[PDB]
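Student: Dropping the structure in here first, questions after.
All Cβ positions, even for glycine, are placed from backbone atoms using ideal geometry, and neighbour counts span all protein chains on display. Bear in mind these aren't lab numbers, they're just calculated from the coordinates by the rules spelled out.
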Amino acid sequence: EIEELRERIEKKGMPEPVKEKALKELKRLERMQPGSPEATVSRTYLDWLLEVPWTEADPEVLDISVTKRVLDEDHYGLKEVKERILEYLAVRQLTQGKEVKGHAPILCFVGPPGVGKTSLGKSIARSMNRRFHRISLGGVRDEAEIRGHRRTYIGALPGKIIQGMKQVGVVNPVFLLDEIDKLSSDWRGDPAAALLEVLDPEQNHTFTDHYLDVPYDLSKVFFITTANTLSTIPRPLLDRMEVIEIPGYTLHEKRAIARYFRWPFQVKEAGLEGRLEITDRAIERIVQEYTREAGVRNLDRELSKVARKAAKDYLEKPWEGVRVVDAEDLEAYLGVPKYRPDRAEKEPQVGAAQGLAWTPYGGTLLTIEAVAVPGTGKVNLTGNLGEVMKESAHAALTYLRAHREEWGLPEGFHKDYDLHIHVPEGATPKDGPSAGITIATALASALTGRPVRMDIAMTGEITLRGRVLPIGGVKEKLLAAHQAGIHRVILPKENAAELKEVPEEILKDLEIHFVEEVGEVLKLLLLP
Amino acid sequence: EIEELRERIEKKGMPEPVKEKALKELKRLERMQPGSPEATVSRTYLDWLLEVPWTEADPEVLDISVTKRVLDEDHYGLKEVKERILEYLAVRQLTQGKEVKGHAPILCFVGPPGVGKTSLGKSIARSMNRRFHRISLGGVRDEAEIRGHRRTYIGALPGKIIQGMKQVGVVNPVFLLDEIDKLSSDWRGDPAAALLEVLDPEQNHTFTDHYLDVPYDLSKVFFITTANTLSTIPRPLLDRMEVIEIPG
Amino acid sequence: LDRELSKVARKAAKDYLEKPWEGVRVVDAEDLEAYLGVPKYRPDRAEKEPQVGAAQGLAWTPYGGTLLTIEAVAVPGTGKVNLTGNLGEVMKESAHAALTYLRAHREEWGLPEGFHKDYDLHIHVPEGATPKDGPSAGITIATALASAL
Amino acid sequence: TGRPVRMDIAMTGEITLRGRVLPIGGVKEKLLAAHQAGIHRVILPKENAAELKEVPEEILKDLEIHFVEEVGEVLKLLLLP
Amino acid sequence: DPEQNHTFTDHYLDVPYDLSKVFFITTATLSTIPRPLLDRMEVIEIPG
Amino acid sequence: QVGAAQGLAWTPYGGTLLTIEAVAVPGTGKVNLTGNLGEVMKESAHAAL
Amino acid sequence: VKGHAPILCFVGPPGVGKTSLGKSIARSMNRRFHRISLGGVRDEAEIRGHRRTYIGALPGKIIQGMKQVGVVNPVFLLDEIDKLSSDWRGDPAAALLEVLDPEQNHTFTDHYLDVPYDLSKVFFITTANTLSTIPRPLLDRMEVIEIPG
Amino acid sequence: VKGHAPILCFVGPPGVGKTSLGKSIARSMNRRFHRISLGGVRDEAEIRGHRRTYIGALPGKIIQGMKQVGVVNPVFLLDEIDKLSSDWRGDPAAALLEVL
Amino acid sequence: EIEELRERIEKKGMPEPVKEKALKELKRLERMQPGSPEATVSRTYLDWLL
Ligand SMILES: Nc1ncnc2c1ncn2[C@@H]1O[C@H](COP(=O)(O)OP(=O)(O)NP(=O)(O)O)[C@@H](O)[C@H]1O
Ligand SMILES: Nc1ncnc2c1ncn2[C@@H]1O[C@H](COP(=O)(O)OP(=O)(O)NP(=O)(O)O)[C@@H](O)[C@H]1O
Ligand SMILES: Nc1ncnc2c1ncn2[C@@H]1O[C@H](COP(=O)(O)OP(=O)(O)NP(=O)(O)O)[C@@H](O)[C@H]1O
């Protein structure tokens, strides 16, 4: 078996900096005593170089169009991540090593928890037909989980990248790292230095892990690093790694994600494979009323609760569960409504405004309400938000002190009327301090006394001249307006580029008035 | 004593990659001096592969009425979680004979302290007639207290979840993980990040620890997680878990 | 920057592998939005209008250069002057210096006599650049106050 | 106003600035605590009927509920002069 | 807790330990005791 | 100058020069804590008023 | 008496062409070029200070630069020196002060080798982003060059 | 009579020659000099000394500055004894009094 | 090699409670082999002390 291992040196394709080291320590091996623990770690090392993959690679798939359909039967809502991975097929299909060095197959997914990004590795690997290992760095604390240990230590096995190479079998595989942002650290080694040693283009060609002291190749292997936030990444690994900021799943892909992918898996898990149906209206109801995070995890757990309450009905009595579950029988399955929808009741309320902003948990409507009472010259915003709505409120009222003859206001209303503004808590300013034109028509509906009809949705901000500021995150608030059955949404006119992100089945109902001026907002909206 | 270990592997009913890995480590352990510390760490390694279970499972009784009467003979009036247990049995009565990826779920029990949501796992063990090991996770600072150390660390253990796999001995236990809200979350220590591997219902069967260091099949473990408040659970970890929100 | 150049070259490569016609492919600014998805930030360019009562300020921050707008409307009220923004009050102090210049020069531009007390002023700061780097755009506010009043 | 309220009517709700009664959460122990003292007429918001159906039978058969949309419907009941 | 002092799982003492025979007595102000612990161990209100 | 005051204050930057500026625009009458004050300079402004 | 000049500090954001100016200055004096990464925390106590009685990998990373460059007067691109100081036990040491100062640049005792190395006439380029978390026994006497955006 | 005298505190704007004032006392005294600059070291237990169980345990910066002199009397400088950041993790005021 | 350090003890390791720690460190020096990974800390200990 010493000569069998000597044949298996040259049988593999095992490269030239490792070959004379393997032959010289095998030359050390046959003359010394085989019962030794030094002989044990020697035979472990010269099992490890001849089991780890070096150049024996799986065949890369020669065409894109049969991988996209395997992605289309595994994940739905990540179209941009699908474009980034067939983008990697477009890079590796065209090149195939035409004097090219300086590769970066190093990809990251950061988003809300439970959006998809640890189940990509059972889909990317099925797509481009490469074998998969799911490497875990959840509670990896020491550096030596990836860095390994020296062979002078008794009991030495290599790092978990090399143990991943032990399980996957072939070189050029795919990796999914499980957690990055809460990869913790201690003394005697920070594992961010170990992932520096993994994830550099300078040292993907050579690795030099501290068990296999020769260079190792991490070049052809493609990486997924999975995290939830960008704040607690170690800043070098945040720096020299390609980040995809995954946006949260909202309802108009959640209706598809249930019926296509998530519901049939768990009614296969329950047992009613063809013996349960759900309406699309109950799926839409579950998302607007029962789920309030951006991931589909309690979509999975409460449609799982629909499936197992249907199994409880199907086993306590033999009656058929092939009844379809609509909106109003769903409360027998799931009990109390945990959350409540937003009512765009189309009768004109006197001092209200149809507000739109976005939570990080999806696009959610607001209702900014305001009254004017003849008091003093002061204002008070009382809706659990900061001063970024307060400066828009002073912007709105100092717009409305101009054009006083236009809207029928009294001559001294600023020092005569107290004005109070309520906002809901769903407006979260990190990119969206939104709904400024809702504040402006709340001031205009309070002071004039003329009602605001609820037929028209609104999104903007206020400059004091009478012009509007643009907004981001336009997709989730337009489909949140499409959720409530309200079809007339006000946008700034310079937000015309965001209609290309919306496909036509949502866009055919949404009567988008691209409106740049606040006087045009108050002329289009405010019911006399 | 290595010549018992081969047929202990063969009647243990291991899966094929971990079975070939344990037989390869047994071929390593055949040749060496048995007095070495490598011999005792590989002997502890093969021993820990044998007395963890792989295909040994207690039979789940499919009686809804026996489970309901044991749930009513230990607890009163906890209607959501008692309906949850009988519909978990209604899943497992229906899927018995259908080979699907049977992930037993991850229950979260929030509410005020003292409801009995925090020591329900003894009654859950009596109601399944499955074996029990409540796992101490009260304010743990150590991530390798959950996922273990490697065997290069000299007196290493695979964590308390695999120690529950020892002392239960079958592949479908109930684990009362106490005080999941009370885990410290910091850059120096965060074992809630170690809870994210072992409590994900699509990849618990690819749980790698650090001492067995193989994908261990944790689809059939009926995990129980407890908390006295909602918000101090980390934002990945509360998302993973069936929150049976039972109030005061 | 070179991350987004990486993404536009590979987005060119994706339609290269399904349409192989590219012996030459020129990309100007108009088909840039076909790549890279949503516009992340927005260019504060020239507003292309010659005459309305506001001006264009400047600032400098390590995010880069920008073309700030400072605007004010002189509403007929109590004579208060307040800032509207989440930056420092030295911008309002430079506005106060502009107020002393218009009180010292109330004749040559057709101002009313009691303009200091017959006009409420709110002064906009829409922005986030210059915390203490270059935190003064005082003649922009002086044109804003004089064109408002 | 110098006017007292009714003695058998306890109440719960949420206020917005127009006067629309927003619904509340966790009502079962609130209704049975109002049932526990000498109150058998409670004010609820209008859209807490979905929470009130989860509340059991003896709580709904002992007391009286009032589904309220606007706070003028509250103050039409509880101002004795 | 007497439901799990019989199965108290120490980090070093890996096998669960029996502590339910042990008379634990604790000392203290209520407000800086945590909420599960002040609900969990029997208060003896000793004033001045 | 009608509002400026040529002042002297000791700094850890050595000797410094001041332009103490006050306009007092008509409003609610409160003292505005402008110009990045310390814990004592509002007390000096209260002594002035 | 001042045979060696004080050493630079390129400061700026992460992403500027500090490697491009290092390759330019090594092309300027007609010199083979080495880049020193020092990317993570890079504990000099753990990885420089071996004292030769381990297995003995990386005998000082300056000497690992020297065996790669093969010439006695290279341009060392020292990078990310602001990332040196750690919040751990023995890991902040600032042991490159003995490397960089001219009063013991001519001699150089190594952590591994324990032999006085001739590190005379060795040019150094130190590039580090944020000026605050530099070790102060470097920037008390090193030069600094502002590279803005 | 008493071997210990009080210890100098130089304080002012940064850069008024205080390191060179210690160097000029070193040149007048014909005695060696070292300057350490604190603030980067965030630990008492770095300076006072961690135990030998840690595998890369180098000792403190103040005895590093004392051993770089190599003589039992240095004109020792403690630069930046006040400018310490908010992360007072292992509190170095007790060790910096206990070396003083 | 281990006698140049003792030359440094009886030339500049003069005080007795200081040198008692170095003497039982010298006792520990011939206990393990000087190629073990623990012995780096032990040799660095009395080199830094001496
Ligand atoms: N597009 C999709 N199609 C089908 N199933 C999906 C899709 N997105 C999510 N899922 C399912 O929802 C689950 C949530 O994804 P998950 O892998 O938990 O992401 P993640 O939690 O953010 N990564 P991590 O936080 O480290 O666990 C997946 O395991 C899938 O089962
Ligand atoms: N429905 C019930 N029927 C009978 N006894 C009950 C019931 N609910 C609660 N109890 C009792 O009240 C106790 C409350 O549990 P508790 O002691 O708080 O758990 P715990 O010790 O806190 N577990 P943990 O804090 O997670 O480690 C139970 O252990 C029972 O003794
Ligand atoms: N009062 C002084 N008279 C003459 N020369 C001076 C004086 N103060 C400083 N210098 C010069 O400045 C040098 C001292 O360096 P300097 O820039 O002051 O830093 P430092 O004060 O010594 N250390 P630090 O105070 O911590 O920044 C001396 O070598 C002189 O060349």
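Student: Quick check: is even one residue across segment B:221-229 within 8 Å of another protein chain (Cβ to nearest Cβ) and either surrounded by fewer than 24 Cβ atoms within 10 Å (Cβ to Cβ) or assigned to a loop (DSSP other than H, G, I, E, B) (or both)?
Tutor: Within segment B:221-229, one or more residues are within 8 Å of another protein chain (Cβ to nearest Cβ) and either surrounded by fewer than 24 Cβ atoms within 10 Å (Cβ to Cβ) or assigned to a loop (DSSP other than H, G, I, E, B) (or both).
Student: Turning to a different aspect of this structure: For segment B:62-80, how many residues are more than 7 Å from chain A (Cβ to nearest Cβ) and within 16 Å of A:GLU316 (Cβ to Cβ)?
Tutor: The total comes to 10.
Student: Which of the residues spanning segment A:81-116 are within 12 Å of another protein chain (Cβ to nearest Cβ) and of a type in the set (S, T, N, Q)?
Tutor: Within segment A:81-116, A:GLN93, A:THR95 qualify.
Student: Can you pull out the residues in segment A:382-415 that are more than 14 Å from chain C (Cβ to nearest Cβ), over 31 Å from the mean Cα position of the chain (by Cα) and of a type outside the set (S, T, N, Q)?
Tutor: A:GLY408
Student: Would a scan of segment B:178-192 turn up a residue that is away from chain A (no Cβ under 13 Å) and in contact with a strand residue (DSSP E or B) (Cβ under 6 Å, 6 or more places away or on another chain)?
Tutor: Yes; the residues of segment B:178-192 include at least one that is away from chain A (no Cβ under 13 Å) and in contact with a strand residue (DSSP E or B) (Cβ under 6 Å, 6 or more places away or on another chain).
Student: Count, please, the residues in segment E:4-16 that happen to be within 15 Å of ligand 2 (Cβ to nearest atom) and surrounded by 13 or more Cβ atoms within 10 Å (Cβ to Cβ).
Tutor: Total satisfying the criteria: 7.
Student: Taking A:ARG285 as the residue in question, decide whether it is farther than 19 Å from A:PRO264 by Cβ, charged (D, E, K, R) and in a loop (DSSP other than H, G, I, E, B). Even if it seems obvious, please write down each step before you answer.
Tutor: Details: farther than 19 Å from A:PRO264 by Cβ: yes; charged (D, E, K, R): yes; in a loop (DSSP other than H, G, I, E, B): no.
So A:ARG285 fails the test.
Student: Let me ask another. Name the single residue that is nearest to A:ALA446 (Cα to Cα) among those in segment D:23-42 being of a type outside the set (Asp, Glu) and surrounded by fewer than 15 Cβ atoms within 10 Å (Cβ to Cβ).
Tutor: D:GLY25
Student: Can you tell me which residues in segment C:82-110 are surrounded by 21 or more Cβ atoms within 10 Å (Cβ to Cβ) and within 24 Å of A:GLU405 (Cβ to Cβ)?
Tutor: C:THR84
Student: Of all residues in segment D:38-59, which are farther than 16 Å from D:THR12 by Cβ and away from chain A (no Cβ under 14 Å)?
Tutor: Listed by number, the residues that qualify are D:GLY38, D:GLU57, D:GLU58.
Student: Between residues in segment E:1-21 that are within 10 Å of chain B (Cβ to nearest Cβ) and over 17 Å from B:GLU179 (Cβ atoms) and residues that are among the polar types (S, T, N, Q) and not in a loop (DSSP other than H, G, I, E, B), which pairs lie under 7 Å by C-beta distance while being six or more apart or on different chains?
Tutor: Every condition considered, the pairs that remain are E:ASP14/B:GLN163.
Student: Then there is this: Restricting to segment B:152-177, and then to whatever is part of a loop (DSSP other than H, G, I, E, B), of a type outside the set (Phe, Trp, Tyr) and closer than 28 Å to A:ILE180 by Cβ, can you tell me which residue is farthest from ligand 3 (Cβ to nearest atom)?
Tutor: Of everything passing the filter in segment B:152-177, B:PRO158 is farthest from ligand 3 (Cβ to nearest atom).
Student: Looking at segment B:142-163, which of the residues that are small (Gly, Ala, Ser), buried (at least 23 other Cβ atoms within 10 Å of the Cβ) and more than 9 Å from every other protein chain (Cβ to nearest Cβ) is nearest to B:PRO37 (Cα to Cα)? Steps first, answer last, please.
Tutor: Keep residues of segment B:142-163 that are small (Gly, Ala, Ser), which gives B:144, B:148, B:155-156, B:159.
So of that shortlist, the ones also buried (at least 23 other Cβ atoms within 10 Å of the Cβ) come out as B:144, B:148, B:159.
Those left that are additionally more than 9 Å from every other protein chain (Cβ to nearest Cβ): B:148, B:159.
Details: B:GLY148: 19, B:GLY159: 21 Å.
The residue in question is B:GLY148.
Student: Looking at A:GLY355, A:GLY335, A:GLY362, A:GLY271, which is the one that is more than 9 Å from every other protein chain (Cβ to nearest Cβ) and at positive phi?
Tutor: One residue alone meets the criteria, A:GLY362.
Here's the yes/no breakdown for (1) more than 30 Å from A:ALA294 (Cβ to Cβ); (2) of a type outside the set (A, V, I, L, M); (3) touching a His at 6+ places or on another chain (Cβ under 6 Å); (4) within 16 Å of ligand 1 (Cβ to nearest atom):
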site: A:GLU38; (1), (2), (3), (4): yes, yes, no, no
site: A:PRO53; (1), (2), (3), (4): yes, yes, no, no
site: A:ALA57; (1), (2), (3), (4): yes, no, no, no
site: A:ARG69; (1), (2), (3), (4): no, yes, no, yes
site: A:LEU86; (1), (2), (3), (4): no, no, no, yes
site: A:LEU94; (1), (2), (3), (4): yes, no, no, no
site: A:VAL100; (1), (2), (3), (4): yes, no, no, no
site: A:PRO113; (1), (2), (3), (4): no, yes, no, yes
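Student: Just to be sure I understand, how many residues within segment H:43-80 are under 16 Å from H:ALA95 (Cβ atoms), among the β-branched types (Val, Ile, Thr) and either surrounded by fewer than 18 Cβ atoms within 10 Å (Cβ to Cβ) or within 16 Å of ligand 3 (Cβ to nearest atom) (or both)?
Tutor: 1
Student: Out of all the residues in segment A:262-271, is one or more of a type in the set (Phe, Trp, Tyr), under 22 Å from A:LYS122 (Cα atoms) and in a helix (DSSP H, G or I)?
Tutor: Yes, because at least one residue in segment A:262-271 is of a type in the set (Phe, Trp, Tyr), under 22 Å from A:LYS122 (Cα atoms) and in a helix (DSSP H, G or I).
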